[PDB]
Structures are given as structure tokens and as C-alpha cells.
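All remarks here apply to the structure that follows.
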Amino acid sequence: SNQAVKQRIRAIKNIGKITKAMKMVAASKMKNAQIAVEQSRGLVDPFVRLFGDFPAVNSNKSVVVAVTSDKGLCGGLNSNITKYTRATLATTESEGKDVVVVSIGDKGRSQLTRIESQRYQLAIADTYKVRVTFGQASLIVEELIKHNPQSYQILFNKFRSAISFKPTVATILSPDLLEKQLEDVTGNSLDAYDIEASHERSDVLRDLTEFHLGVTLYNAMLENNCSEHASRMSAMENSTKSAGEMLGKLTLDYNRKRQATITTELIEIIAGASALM
Amino acid sequence: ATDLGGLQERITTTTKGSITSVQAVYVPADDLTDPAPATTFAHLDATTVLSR
Amino acid sequence: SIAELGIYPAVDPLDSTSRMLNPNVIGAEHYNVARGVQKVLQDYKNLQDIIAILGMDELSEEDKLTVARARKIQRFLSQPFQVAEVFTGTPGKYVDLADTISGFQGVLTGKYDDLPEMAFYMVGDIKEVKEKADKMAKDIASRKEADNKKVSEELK
Amino acid sequence: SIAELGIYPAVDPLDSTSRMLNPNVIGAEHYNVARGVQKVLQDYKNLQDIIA
Amino acid sequence: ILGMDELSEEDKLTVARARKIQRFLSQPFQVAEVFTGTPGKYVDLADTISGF
Amino acid sequence: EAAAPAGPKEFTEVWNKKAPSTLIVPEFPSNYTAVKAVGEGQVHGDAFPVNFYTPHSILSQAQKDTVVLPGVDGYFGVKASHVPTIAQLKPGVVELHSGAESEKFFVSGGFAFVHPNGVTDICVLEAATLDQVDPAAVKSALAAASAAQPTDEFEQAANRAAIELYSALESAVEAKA
Amino acid sequence: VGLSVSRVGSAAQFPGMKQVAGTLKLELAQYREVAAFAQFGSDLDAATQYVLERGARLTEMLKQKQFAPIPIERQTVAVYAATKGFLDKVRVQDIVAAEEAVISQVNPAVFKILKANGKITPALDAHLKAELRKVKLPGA
Amino acid sequence: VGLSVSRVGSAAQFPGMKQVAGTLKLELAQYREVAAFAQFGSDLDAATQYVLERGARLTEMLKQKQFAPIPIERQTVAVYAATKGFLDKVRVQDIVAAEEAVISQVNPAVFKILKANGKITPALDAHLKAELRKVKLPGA
Amino acid sequence: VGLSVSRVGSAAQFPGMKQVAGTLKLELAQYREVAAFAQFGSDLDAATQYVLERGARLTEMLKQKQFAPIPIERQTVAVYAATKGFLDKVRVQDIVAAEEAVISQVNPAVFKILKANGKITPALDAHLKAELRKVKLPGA
């Protein structure tokens, strides 16, 4: 009882020491993952000015990808885009399309079968264990090309600053199935370019869409990896704070029970001495 | 409170001069609500904390 | 601790007992609603420490369904009293026994998951939580342009 | 605490003490497997702050 | 956790002003001048208000 | 042909027909680029903007008046108001010139886009700078590659890709000044 | 404010303050409610950030210096000046100066009509809103 | 169940109940340590999740309405129905109705010979094996 | 170390130990904050991990066996062997053996002039670095 709060004090005193270490761990990961996000942000730009950005297209088959975290102490990150991937999968399908749902991260499958149980087909996890490379993102891209959709949707958190992580929808159209069809604006917008490939334009657009898919996915799991470390740095500055205010209210209550125990022990000793003396 | 109050109330400013007291304060069991510091703190007009 | 939350009357529902809470005395569905309410409030009580330090965003979906349901029945157990309307302004509400069994049967099944939490606060029965949400929704949609002064130059 | 795990006899390994655990008495080969078990069990107690 | 070069341009002035406040609260004492050599200085109240 | 005008602002209104309003409309990779392709300008005579990019690193965002890119038809050169060109590149050397000084990277293979506003976008995977290549393993690696004549099509696609990257690296390491 | 109560209380207050401070303790209730949950700086509704900026103005409105009590008529005008939006967009580091300007620049007759009637009559809040429009608030 | 002890122990237990209590005392020991990890139903493991539901079949097996004591032979059949996994198909929320389905739908001569033999004989644990298969359990 | 005080010990010890115990009092003090921090050794900064490697080198050096008290000139050089370099390569499990390596291998005439002088003179300081380099540490 008076030890039940004494053992509860040392429990919360170490939680506020553990989650202060996890915050400085996640702040050291966030500073070196940030030097890789800006270097991956460059190669995304030439594809979105060559292919535009068309999120609301009339695809008959789609692959949506929600890029979440592996570990789940992030604080409103892996369910935030789950709110967004259910808001996109209620936006695209009003016409009876096919949708295959893929999640990256262990916290993605564990929250997408909650909402989307039948269209979930593939789960990638343990991505962020050592580091994220382009060759790793390429094999994740290739299995999205095992399915042959008209479009792709990537859902990730873009690392604007250490505070704001705006969830991004990034989309990639399939080359001679749907990418060429959206470019037919009073003729075509792609005919200005003179193709210097070995084969003709539908084969250079096939190589270019897969290269667009591999960099949009590599940037997705780099933007989301340090939007996870910055969310873990902020979820453990709220937890070390809250376990310091809880420990502050536990040492005050222990010190009341400490003072009340000495008064109780004393009064029982005086009442027994006065009964004899 | 009247043993401390009997001591601390002789430390004051009269019309002839003043006694200004600097008292080292020990806090038992690191509890500021303990009756020995909390009665002492009623008389203190300043605290000077010296930290390592 | 319940009174500092603004819940009035500040009855601890996991500490208040009766010998009438017996299914052979009050009936079968009164007893099951009451035991079902106390199970949601006890399960939320078991989650208070991890919600305090880790936050809302770390529980299961099964947990944060009952966190939202127990936060709804915590406010719904509060009630304006007719003897307290002299210092709170809100008129009192004599809630009937059938109105509070079927009112609390709806919250346990999930009929009112979409209502906000504060619609349950200081209302009589399950009709007035639906009217308070409409009033709450109307208040954040109520907006007037140039706010209809007609105060300057009032004729004599 | 040991009996709530079902481990019987519920001897606390890091609270049971003998004067016989001098290496002058039981020898150093028994002494090091005793001190090594107490070392690895105190470490596990130090790691249950995280892995629980 | 982040670094000296992290924070804002105005808050380098806060680290500049507070660090020269922290040294300006220091003072050599006239009683310590026998075992530290440097003499001690009485600062008047009018000086330490205007100097700070 | 243009029966569905999609876009980032057009995703705003339809998602404002079917999603809850407590989520704002999500952002798009179109919003984070300040340079498009169709809009007139940004050549200004001599120097056009080049963008040499790898997945792991950005190697130039500067302005050059000429780029030499190793296309699959051969080493072409991009001048200022060059024709729009989506050019696949074989393993070869990208030469970025702004004047007398020359920065010459040997690239692994990956596309280069000249746009209708004069901006060049080199997009490779691996960029080996010519002073950091190993000249002792260029010849040892082609030897096992020219002798491995296997029976599967996949390694035959991989061996043909193997020597052509090495063979253009012998010719890119010898005659450098 | 969340714990301080007066049992007898509202049956025995100034009828001017009884009809002004009803929406004062209600809006300070939400500011306590919002800044108990918006401690983290998680997100903003821009109505919760409105009551965060309104509740910060009522808090400075109830600050007071020592050994300078205020009459009840100069008190209920100052709460009327802050709950009826006249002290909107005045910065929260200026409301100590701003209702020193409100009490000093409003005509003294408004305080005398309110003291004798004991209540903000419909002829008075029409006139008191006019005299609060004509107030040189600091910073504008 | 952790703090409750009986120091006579299973020396004075009904046999048959003693045969099934070892499966019940062990699984509730693992169900208690798997708890304080059960707040993450996103975190499936399917080995802890195996016993997180198996012990929860046992926990709601041991619930009982008051002023209705059960005969000991009807109890050890109901613990047999949850330790051998007959009630694995039913959900956790409807086992108190399923224990009625076990009792009210088996042949009531299984209890007559379990009380007389005093233990679940080899000529009975295959009788009542198939007897708990010809009952309908409220879960599907 | 965090709770045990000697309030006379500010210059009341061996001057040769006072050369090195002041750094041991700081380098163990920085270790005590980050010990219970980084119980894990997974994701560590390049600055705090050096405190956790030196502070774990300093802890193992200070422990000693029962009924074998050491002369002060021989525990001075074992703290000097740990306050300085000379022991940043033995893991944690060999510093018990690496210290008695230093006591065995070092020329024991430095103990005769450390104890007689009382402090580490700069001539003895240079021979102390040289004698602590020809030692055969059991890290292997």
C-alpha cells in the first residue's frame, strides 16, 4: 500500500528515463535521415513535369500503396494515412474499378485489414530495418508490376518540417494503357518530345513509368521514414512530459502517506504508553 | 510553530536597528510539506539556493 | 475526481453498489445494461495509465472503440438537477427508468458512435443527446453577414 | 513474485544469501557459476524495463 | 538533441545575452582574496541594476 | 481524346464530394515543383538549367550552356534551345560543360529529358566520377563476362548488359587528360 | 476558475455583472477545456484556435494589480468590453493597457447610469456599445 | 486466480475435475502474462494470440450467476469442453450461453456415470468426446 | 557513487590519486545519467556511446574481491590506467584481468616512487605511459 506507490514511483521514474532516451535516439535518426530525403526529392521532379500529376483518373485497375511505419510508437502517423487511404478509396471507385491494396510497414497491414479486407493483397514490412535503398524500392516496384493496373496511388507522409507531415497522394499512370491516353489533349502532349530510344515510344514509356514508380516509392519510404522519426521524437516528448507530471503527483502523494504513516505509528505508541502509564 | 515563532519573531527591524537572519534550511526526506520546513518557510522573506 | 471533470452528480459508477442490482429484482435487461456499462467503464479505467503516458494513438482499435464509448457513457451519466438550476441555469431533467435503460442500451450496442462526446453532457435522455448534437452542429454552421445591427439611430 | 511465474521452489535468486558463498570455502569453480547466474539474472531484471 | 546551429537567429542573441549574464552574476569576494590572490569588489545596488 | 481532365486541383473537388471534411485535401508531388515543362522561358541565350540526378544524391542543379549525354544511338550534345528529347542513355559518360572546365561523370544508364522550355533532366542510377573508378577491375570483370555464355535468357540479358557497361568504361578511363 | 465556486453566489451579484459574466465563465470554461487538450500542439480547428485567442483575452481581462480595487460599475463595463468583442484583435500583451484605456475614455456617465440602475438597460447597452466603438485601443 | 491458493490443494479435488484443472490452471497462468501486452490487437502474433483467446474462453467459462450452484459433474464437463478446445469456434462474448448449450444438449446420463465412477474413465472420455459434437454451440 | 559522499574529501586524500580521481568523479558522473538512458545499445550517438564505453570501463576497474585490500600506490596506477587510455580496448569482461595484468606487468619500482613522493611527478608520468604500453593485456 505505502510500498505500492513506492514501487509505482520507480516504474514511472524509469519510463521517463527510457522515453527520454527514445526521443534522443529518434532525434539522431531524424537528423541523418533528413540528409537522404532531400537527395531523393530531386529525382522525383523530372517525372512529374514529364508526366504531370493526375490523381483522379478513370482507371479500371489500380494499386494503392499506403506507406506506413514498422514500429508503432509514432503517434498518429500510420492511422492518419489510413484515414486518407480510405478517403481516396472512397473517391476513385464510383464506377466499378479494380483496386489492389498494398501497405509498407507492419503498422499498415494491421490497420488496412480493419477497413479493407478483400482488396488487401500484399504486405511489405521490415523495410526500414537497416536502411532504405533504391534497389530495395525497385523490387517493391516490380511486384506492383506483377499486377498490371492503369494507375498507381502512393500514400505517404511528406517531411515538410519536424512539425508538419502533410500526407501526399503520388500517382503513376501505366504507359500505353492509360498514360498515353491522358496526354491526348488536342492531339498529344508527348509528341513534342523526340524519342532517342532504341525501340519505339511505347517501350520507352514502359521503361520510364517503371523508373517513375521506383523513385516515387523510394522517396515515399524515405519521406515517411523520417516523418516517423520526427513523430517519434514528438510522441516521446509528450510521454516523458506526461510521465514527469505523473511522477510529480506520485511523489507528493507518497510524501503524504509517508507523513501519515509516522503520525499513525506515533499515535498508536502514545495510546499504548498512556494505557499503562 | 511557537518554538520557531518564539525564535524568529525576535529577528526583526525595530526603531533602533535590525537583526537580519540568514538561516541554513535543511529539508527532511526532500519533502517541502514536512512540518519542520513548512513552518520555517512561513518566516522566510528570501531564499538563496546554492547549487552544485 | 469525477466532479473535477464536470460530471454532475459526481457518482463513482464503479464504486456505487446496491442490493437491487440483481437480475431477479430489477429485471433482466436493466441488469445487463447496468453490468454492461460498468464493464466499459472498468475497461477504460484499466487503460487510464497507458493513455496518460503513451496517448490515444497507441491503443488497439478494439480499445479505442471502448475509450470512445466509455467517454460517452461518462458524460451521459451526468444530468442537470432541478435544484441546481438556481446556480447553473440549465433546467433539471427527471429521466424515467425506461428512458435510461434504453438510452444506455443504445450506447453499448453502438447506435450512437457518430455523435460527439459533448452531446451526451448534461442532458436528460437519449432524445436530448440527438437534439443537442443538432444544436451543436447548427451552432458551428450558424453564421450571419453584417449581423443585423439596427441599433444606431433608434427613433425616439 | 517467483511463485506467480509458477517456479517452485520460489527461492528469490537475488535475495538469498549464504556465508558459504566465499570462494575460499566452496571453491572458485562453484563460486563463478553462482556469481555468473546472479549476474545474468540481475541483468534480465534490468532489461525488463524495456522488454516488458 | 539538435545542435547549436539549429535554432533561430534571434535565439542566438538569447544564448549570447544569458551566457554573459551568467558570468556577470559571478563576483570575486574580498574574503577569498587571500587564497585566490585577486581582490574582491563590493557592487552597489545602483550599479548592478544599471549594469544588468 | 481529352474526355477526363484530371489534375491536382481537380482532385480537390471530387474528394470534396466523398470524403469526410475533417481531413483536408491531400497534397501532390505537382505542388512541390516550381519548374514545369510547357511554360515559355528559362533558356536566356547561352545557359539552360541542367539537373543531373541520382536516387541517392543530387550532383548538379546548376546552369550549363552544353551537356554531352551518352544516348543509345551515341553521344549527343544538348545546346541551349535544343529540341525536346526523351533520350534513353546507355552506360557512358555525361559531360557537363559550362566553359573550359569540365565535370565528367561515367553513368550506369538512365534517361535524360530535354523539355519544351529548354531544361535538361539527366536521371541516372549510379554516377561514377571518372577519377574514382577502379582501373584494375575494369579488365578483370569483362574477362569472366565474355566467357560466361550460359543457357538461360535472363543471364544472357544480364551478360549482354554486363560487358557493355564495362566496355564503355575501358574507353572512358584510358584517354583522359 | 474550474474549482472556485460561490454557493450563495449568483443570487447576490450585480445584475449588470450577472448578465455579462455568464458568458465570461462559459468562454473561460472552453479555454480551460481547449488548453487541457491542445497542450500538445497537435492540430487546430480555427474555432478552437479562436477560443484560444478569446480565452487568452479574458484571462488578461481578469488580471488585476495589488491595492487597487475597482468599483463594480467599472468592472462590469470592462467585462462587457471584452466579452462583446470590442477587445478583439488587441494583442494579449496590451489588454492591461487596453481596458485602462476603455475605462478612462468611456464617458463617466455610463458608469453612473449603470451604478444607479444596477443593470444594463436596453437604452444603456445601445449607448455603451456606441461609447466602446469610440475607444482608442492600443495598436489597432 | 494468481493470489488464490488452497494448501490442501488437489489432494481433495474431484477426480475428473482434477484431470481438467491442470489444463485450466496452466492456460490461465499464460493468459495472465500475455496480458499487459493485449492492448495491441494490431500486434498479432498467433502464438500469444492463440492463448490470448484460449484463456479468455476459460475466463468466461468460470463466470457464474449467483444463488445457483452447479453440481460438480456438470462443472468438470464444462471445463472439459473448453480445455480440449470444443468451444474454440465460439466467440469470447457468448460462452456463458455456450456453457448452457453444452449442458442442456448432451445426454444427461453422462453426468450420472461421472458422479458414480468419480473420474472420467477411458470408457467415457470418448463417449463424451462425441457427445460435445452433437450439440449446437452459439458461434459460427 | 551517486549517493555516497565524503564531505571532507575535497583535498583530504592521496595526492597521486587526487590527480586521477577527479576525472573519474566526472567521467563516472556523466555515465550515470546515460546509463539508465541507453540500456539498449542499438541506435547510439557517437558522443554518448563513448561515455557508455568509458563509464563501463571505469565501473569494472573499481570492483575488487573480498579480503584483499590494495595499497594506495597500486590503485592509483589502475585508475591512471583507466582515466587515461591503455584500457579502451578490453571489452568489459577482461578489465578485471586487465587491471591485475597492469599490476603484474608494470615495473614495481614505479610503486616505490609513487608512494614515497605521494604524487605523479612528470618524470614518473612519462615512465608511467611507457610502462603501461609494454603490458600484455588479456584482451585477445
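Chain labels run A, B, ... following the order of the C-alpha cells; each chain numbers its residues from 1, and ligands are numbered from 1 in the order shown.
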Inset, instruction - Considering only C-alpha atoms, return as a ChimeraX atom specification whatever protein or nucleic-acid residues lie within 8 Å of residue 29 of chain E, sequence-local ones (same chain, fewer than 6 positions apart) excluded. - result: /E:39-41
Legend entry - Polymer residues at most 10 Å from segment 25-42 of chain G, only C-alpha atoms, same-chain spacing of 4 or more positions, as a list in words: residues 76, 163, 164, 234, 235, 237 and 238 of chain A; 5 of chain C; 1, 2, 20, 21, 48, 49, 50, 51, 52, 53, 54, 55, 56, 57, 58, 59 and 83 of chain G
Kindly provide the residues of chain D that approach chain H to within 12 Å, each paired with its closest atom pair and their distance in Å to one decimal, based on only C-alpha atoms, listed by chain and increasing number, as a Markdown table.
| residue | atom | partner | partner_atom | distance |
| --- | --- | --- | --- | --- |
| D:1 | CA | H:2 | CA | 10.4 |
| D:2 | CA | H:2 | CA | 11.8 |
| D:3 | CA | H:2 | CA | 9.2 |
| D:4 | CA | H:2 | CA | 6.4 |
| D:5 | CA | H:29 | CA | 7.7 |
| D:6 | CA | H:29 | CA | 8.0 |
| D:7 | CA | H:29 | CA | 11.5 |
| D:51 | CA | H:37 | CA | 10.9 |
| D:52 | CA | H:37 | CA | 8.2 |
Show me a table, sorted first by chain and then by increasing residue number, of the residues of chain E having an atom at most 12 Å from chain A, each with its shortest atom pair and the distance in Å to one decimal, counting only C-alpha atoms and written as CSV.
residue,atom,partner,partner_atom,distance
E:1,CA,A:24,CA,5.9
E:2,CA,A:27,CA,7.1
E:3,CA,A:31,CA,10.2
E:6,CA,A:31,CA,10.9
Legend entry - DSSP-assigned helix (DSSP H, G or I) members of segment 72-120 of chain I, reported as a PyMOL selection string: chain I and resi 72-83+95-105+110-117
With C-alpha atoms kept, could you save the residues just selected as a JSON list (two decimals), in the first residue's frame?
[["chain", "number", "residue", "atom", "x", "y", "z"],
["I", 72, "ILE", "CA", 47.15, 3.17, -2.48],
["I", 73, "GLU", "CA", 50.08, 3.42, -4.90],
["I", 74, "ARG", "CA", 48.73, 0.37, -6.75],
["I", 75, "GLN", "CA", 45.15, 1.54, -7.06],
["I", 76, "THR", "CA", 46.41, 4.93, -8.23],
["I", 77, "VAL", "CA", 48.03, 3.37, -11.29],
["I", 78, "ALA", "CA", 44.96, 1.25, -12.02],
["I", 79, "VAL", "CA", 42.76, 4.33, -12.09],
["I", 80, "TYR", "CA", 45.50, 6.08, -14.11],
["I", 81, "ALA", "CA", 45.39, 3.09, -16.46],
["I", 82, "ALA", "CA", 41.65, 3.71, -16.87],
["I", 83, "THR", "CA", 41.37, 7.51, -16.61],
["I", 95, "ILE", "CA", 39.19, -5.29, -17.21],
["I", 96, "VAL", "CA", 39.20, -7.33, -14.02],
["I", 97, "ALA", "CA", 42.02, -9.31, -15.61],
["I", 98, "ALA", "CA", 43.48, -6.31, -17.45],
["I", 99, "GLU", "CA", 44.00, -4.40, -14.21],
["I", 100, "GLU", "CA", 45.87, -7.23, -12.49],
["I", 101, "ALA", "CA", 47.78, -7.51, -15.75],
["I", 102, "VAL", "CA", 48.88, -3.90, -15.16],
["I", 103, "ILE", "CA", 49.73, -4.71, -11.53],
["I", 104, "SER", "CA", 51.75, -7.76, -12.59],
["I", 105, "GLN", "CA", 53.50, -6.48, -15.72],
["I", 110, "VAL", "CA", 57.20, 2.98, -10.01],
["I", 111, "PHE", "CA", 55.21, 1.96, -6.94],
["I", 112, "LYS", "CA", 58.18, 2.76, -4.74],
["I", 113, "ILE", "CA", 58.44, 6.34, -6.03],
["I", 114, "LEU", "CA", 54.72, 6.98, -6.39],
["I", 115, "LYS", "CA", 54.18, 6.02, -2.75],
["I", 116, "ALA", "CA", 57.25, 7.84, -1.42],
["I", 117, "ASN", "CA", 56.68, 11.10, -3.30]]
Inset, instruction - Considering only C-alpha atoms, return as a ChimeraX atom specification whatever protein or nucleic-acid residues lie within 9 Å of residue 128 of chain H, sequence-local ones (same chain, fewer than 3 positions apart) excluded. - result: /H:77,106-107,110,124-125,131-133
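Picture a line from atom CA of residue 1 of chain C to atom CA of residue 249 of chain A; it runs 13.9 Å.
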Inset, instruction - One decimal, Å: what's the distance from atom CA of residue 17 of chain H over to atom CA of residue 140 of chain H, could you say? - result: 28.1 Å
Inset, instruction - Tell me the residues of chain G close to chain F, meaning within 12 Å using only C-alpha atoms, as a ChimeraX atom specification. - result: /G:43-45
Give me a file of those residues, with N, CA, C and O atoms, as a CSV table (one decimal), in the first residue's frame.
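And here is the file that came out, out11.csv:
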chain,number,residue,atom,x,y,z
G,43,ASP,N,-3.2,19.8,-33.5
G,43,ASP,CA,-3.9,20.4,-34.7
G,43,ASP,C,-4.8,21.5,-34.2
G,43,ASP,O,-5.1,21.7,-33.0
G,44,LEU,N,-5.3,22.3,-35.2
G,44,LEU,CA,-6.1,23.4,-35.0
G,44,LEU,C,-7.4,23.4,-35.8
G,44,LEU,O,-7.3,23.1,-37.0
G,45,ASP,N,-8.5,23.7,-35.2
G,45,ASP,CA,-9.8,23.8,-35.9
G,45,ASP,C,-10.1,25.2,-36.4
G,45,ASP,O,-11.1,25.3,-37.2
For chain A against chain H, with a cut-off of 10 Å and counting only C-alpha atoms, what is the closest atom pair and its distance in Å to one decimal for every residue that makes the cut, ordered by chain and number, as a Markdown table?
| residue | atom | partner | partner_atom | distance |
| --- | --- | --- | --- | --- |
| A:72 | CA | H:43 | CA | 9.1 |
| A:106 | CA | H:43 | CA | 8.5 |
| A:107 | CA | H:42 | CA | 7.3 |
| A:108 | CA | H:42 | CA | 9.3 |
| A:109 | CA | H:42 | CA | 8.5 |
| A:110 | CA | H:42 | CA | 4.7 |
| A:111 | CA | H:42 | CA | 6.8 |
| A:112 | CA | H:42 | CA | 10.0 |
| A:113 | CA | H:42 | CA | 9.7 |
| A:114 | CA | H:42 | CA | 9.1 |
Store the residues picked out above in a file with C-alpha atoms, as a tab-separated table (two decimals), in the first residue's frame.
chain	number	residue	atom	x	y	z
A	72	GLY	CA	4.13	1.60	-33.74
A	106	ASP	CA	3.91	-3.66	-40.07
A	107	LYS	CA	1.55	-0.91	-38.88
A	108	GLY	CA	-0.02	-0.77	-42.34
A	109	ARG	CA	-1.31	-4.33	-42.66
A	110	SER	CA	-2.50	-4.19	-39.06
A	111	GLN	CA	-4.75	-1.22	-39.91
A	112	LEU	CA	-5.74	-1.92	-43.52
A	113	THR	CA	-7.40	-5.29	-42.96
A	114	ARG	CA	-9.52	-3.37	-40.43
Inset, instruction - Excluding segment 59-74 of chain F and residues on its chain fewer than 6 positions from it, collect all residues at most 9 Å away from it, counting only C-alpha atoms, and give them as a PyMOL selection string. - result: (chain A and resi 196-198) or (chain F and resi 45-53+80+87-99+107+109+111-112+120+122+127)
Take the residues from that selection and write them out as a compact mmCIF listing (two decimals), in the first residue's frame, keeping N, CA, C and O atoms.
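Dumped everything to selection14.txt:
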# COMPACT_ATOMS: atom_id res chain seq x y z
N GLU A 196 14.69 9.32 -78.39
CA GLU A 196 16.01 8.83 -78.75
C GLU A 196 16.24 7.46 -78.14
O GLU A 196 17.30 7.16 -77.60
N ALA A 197 15.23 6.61 -78.16
CA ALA A 197 15.37 5.26 -77.65
C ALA A 197 15.82 4.32 -78.77
O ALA A 197 15.94 4.72 -79.93
N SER A 198 16.09 3.07 -78.41
CA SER A 198 16.38 2.06 -79.42
C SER A 198 15.11 1.51 -80.04
O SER A 198 15.08 1.19 -81.23
N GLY F 45 19.36 32.57 -73.69
CA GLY F 45 20.53 32.68 -74.52
C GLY F 45 21.51 31.54 -74.40
O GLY F 45 21.37 30.52 -75.08
N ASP F 46 22.52 31.70 -73.55
CA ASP F 46 23.62 30.74 -73.54
C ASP F 46 23.32 29.54 -72.66
O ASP F 46 23.37 28.40 -73.13
N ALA F 47 22.99 29.77 -71.39
CA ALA F 47 22.98 28.72 -70.39
C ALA F 47 21.56 28.32 -70.03
O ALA F 47 20.78 29.16 -69.56
N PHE F 48 21.24 27.04 -70.21
CA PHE F 48 19.99 26.42 -69.79
C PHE F 48 20.18 25.74 -68.43
O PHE F 48 21.30 25.41 -68.05
N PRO F 49 19.10 25.52 -67.68
CA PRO F 49 19.22 24.73 -66.45
C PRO F 49 19.36 23.24 -66.74
O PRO F 49 18.55 22.66 -67.47
N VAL F 50 20.38 22.63 -66.15
CA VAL F 50 20.56 21.19 -66.17
C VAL F 50 20.25 20.67 -64.77
O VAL F 50 20.30 21.43 -63.80
N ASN F 51 19.84 19.40 -64.68
CA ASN F 51 19.58 18.74 -63.40
C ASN F 51 20.08 17.31 -63.50
O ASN F 51 19.35 16.43 -63.96
N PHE F 52 21.31 17.07 -63.09
CA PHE F 52 21.84 15.71 -63.03
C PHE F 52 21.40 15.10 -61.70
O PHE F 52 21.70 15.65 -60.63
N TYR F 53 20.69 13.98 -61.76
CA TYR F 53 20.07 13.38 -60.59
C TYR F 53 20.41 11.90 -60.50
O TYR F 53 20.40 11.19 -61.51
N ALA F 80 21.48 25.03 -76.23
CA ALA F 80 20.58 25.82 -75.40
C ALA F 80 19.12 25.59 -75.77
O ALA F 80 18.35 25.04 -74.98
N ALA F 87 15.50 10.87 -74.02
CA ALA F 87 16.60 10.09 -74.55
C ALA F 87 17.02 9.05 -73.53
O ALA F 87 17.45 9.40 -72.43
N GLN F 88 16.91 7.78 -73.90
CA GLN F 88 17.49 6.72 -73.09
C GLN F 88 19.00 6.77 -73.24
O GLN F 88 19.51 7.06 -74.32
N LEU F 89 19.72 6.53 -72.15
CA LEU F 89 21.17 6.55 -72.18
C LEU F 89 21.72 5.17 -71.84
O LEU F 89 21.27 4.53 -70.90
N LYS F 90 22.70 4.74 -72.62
CA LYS F 90 23.46 3.54 -72.33
C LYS F 90 24.51 3.88 -71.29
O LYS F 90 24.66 5.05 -70.93
N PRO F 91 25.22 2.88 -70.73
CA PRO F 91 26.39 3.19 -69.91
C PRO F 91 27.45 4.02 -70.63
O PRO F 91 28.06 3.55 -71.59
N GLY F 92 27.64 5.25 -70.18
CA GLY F 92 28.58 6.14 -70.83
C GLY F 92 28.90 7.30 -69.93
O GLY F 92 28.63 7.27 -68.73
N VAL F 93 29.47 8.35 -70.52
CA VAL F 93 29.97 9.50 -69.77
C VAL F 93 29.08 10.70 -70.03
O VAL F 93 28.89 11.10 -71.18
N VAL F 94 28.55 11.29 -68.97
CA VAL F 94 27.86 12.57 -69.05
C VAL F 94 28.89 13.67 -68.84
O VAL F 94 29.57 13.71 -67.81
N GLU F 95 29.02 14.56 -69.82
CA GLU F 95 29.94 15.69 -69.75
C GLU F 95 29.11 16.95 -69.56
O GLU F 95 28.38 17.36 -70.48
N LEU F 96 29.20 17.56 -68.39
CA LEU F 96 28.57 18.85 -68.13
C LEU F 96 29.62 19.93 -68.31
O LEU F 96 30.60 19.98 -67.57
N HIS F 97 29.43 20.79 -69.31
CA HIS F 97 30.35 21.87 -69.60
C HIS F 97 29.67 23.21 -69.39
O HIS F 97 28.58 23.45 -69.92
N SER F 98 30.33 24.10 -68.65
CA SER F 98 29.92 25.49 -68.58
C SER F 98 30.94 26.42 -69.21
O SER F 98 30.68 27.62 -69.33
N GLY F 99 32.08 25.89 -69.65
CA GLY F 99 33.14 26.67 -70.23
C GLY F 99 34.36 25.82 -70.49
O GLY F 99 34.25 24.74 -71.07
N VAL F 107 28.20 7.27 -66.07
CA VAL F 107 26.92 6.91 -65.51
C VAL F 107 26.61 5.46 -65.85
O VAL F 107 27.17 4.86 -66.76
N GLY F 109 23.57 4.27 -66.73
CA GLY F 109 22.47 4.08 -67.65
C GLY F 109 21.15 4.52 -67.07
O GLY F 109 20.71 4.01 -66.04
N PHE F 111 17.72 7.70 -68.09
CA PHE F 111 17.20 8.59 -69.11
C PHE F 111 17.67 10.02 -68.93
O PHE F 111 18.20 10.41 -67.90
N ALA F 112 17.47 10.81 -69.99
CA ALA F 112 17.76 12.24 -70.00
C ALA F 112 16.65 12.93 -70.75
O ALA F 112 16.32 12.53 -71.87
N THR F 120 17.15 20.63 -69.14
CA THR F 120 17.64 19.27 -69.29
C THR F 120 17.56 18.56 -67.94
O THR F 120 17.86 19.15 -66.90
N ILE F 122 18.86 15.05 -66.51
CA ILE F 122 19.55 13.77 -66.54
C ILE F 122 19.14 12.97 -65.31
O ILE F 122 19.14 13.49 -64.19
N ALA F 127 26.28 7.10 -60.64
CA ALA F 127 27.15 8.03 -61.33
C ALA F 127 28.55 7.87 -60.74
O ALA F 127 28.83 8.35 -59.64
Inset, instruction - Calculate how many Å separate atom CA of residue 7 of chain G from atom CA of residue 87 of chain C, rounding to one decimal. - result: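 Interatomic distance here is 7.8 Å.
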Legend entry - Spatial neighbours of residue 101 of chain C, max dist 9 Å, only C-alpha atoms, sep filter under 3 positions, as a list in words: residues 29, 30, 33, 34, 96, 97, 98, 104, 105 and 106 of chain C
Inset, instruction - Can you pull out every residue within 8 Å of residue 16 of chain H, counting only C-alpha atoms, but drop anything in the same chain fewer than 6 positions away, and send it as a VMD selection string? - result: chain H and resid 76 118 to 120
Inset, instruction - Output the contact residues of chain D with respect to chain A at a cut-off of 12 Å, based on only C-alpha atoms, as a VMD selection string. - result: chain D and resid 46 to 52
